[PDB]
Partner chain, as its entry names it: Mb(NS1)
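We begin with a single chain expressed as structure tokens, specifically the form solved without its partner chain.
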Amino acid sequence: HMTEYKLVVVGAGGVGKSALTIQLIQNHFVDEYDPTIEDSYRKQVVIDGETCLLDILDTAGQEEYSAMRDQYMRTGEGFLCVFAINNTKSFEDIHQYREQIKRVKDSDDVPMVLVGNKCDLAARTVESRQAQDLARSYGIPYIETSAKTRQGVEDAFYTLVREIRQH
């Protein structure tokens, strides 16, 4: 049996956080997505030579069901904490998400990555140095991704798997 990594995407709604996972799963030259099937949230990958399966939970659209976060978070081994580089409130919310993951997993050391997502051509309000300083204060990696080009997407997820393997 190959290793299966249960990953959870968390972050503010309304800022295109869903693009991260959709871009990962859908083939690099395919744009036809159906979220109502198994293959839409599962992907077999080779990372550092070791083949594995990534099971990704993204509840984008369910942000108002705030009392269901703990339930959703407890399913994960690793977390992608996503904010939009054009939405400072989504960046400021990260601290709350991380603290909630730590409370749910009952651990101060939970495999986690910070992801700054460039979700449109609106102006950047969060400088890479701000996010790099925040990620450093938490002791975690920071990865920036582009929703249009797929740049950084694989690096974000693969870095998280490495964070789990090196836990």
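Shifts are known only where both forms have a C-alpha. Numbering follows the first chain given and starts at 1. Only the largest set of C-alpha atoms that superpose within 1.5 Å between the two forms is called the rigid core.
The form solved in complex with its partner chain is left out here; the points below concern that form.
Interface membership of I140, defined by any non-hydrogen atom within 4.5 Å of its partner chain in the bound PDB entry, is confirmed.
Residue contact check for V110: none of its heavy atoms lie within 4.5 Å of its partner chain in the bound PDB entry. Contacts between stretch 113 to 130 and its partner chain, counted in the bound PDB entry as any heavy atom lying within 4.5 Å, involve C119, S128, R129, listed in sequence order. Aligning the rigid core between this form and the one not shown and inspecting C119, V126, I56, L114, the C-alpha positions shift by 2 Å or more at one residue, which is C119.
With the core superposed, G152 shows a C-alpha displacement below 2 Å between this form and the one not shown. The Cα shift for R69 between this form and the one not shown, taken after rigid core superposition, is 2 angstroms or larger.
Superposed on the core, the two forms differ at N27: its CA moves 2 Å or more between this form and the one not shown. Whereas the displayed form keeps them at a certain spacing, the CA atoms of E38 and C52 lie at least 3 angstroms farther apart in the bound PDB entry. With a change of no less than 3 Å, the CA-CA distance between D48 and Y33 is larger in the bound PDB entry than in the form shown. Legend: core-fitted overlay between this form and the one not shown; highlighted in sequence order are 14 to 17, 27 to 40, 61 to 69, 119 to 123, the runs of at least 3 consecutive residues with CA shifts of 2 angstroms or more.
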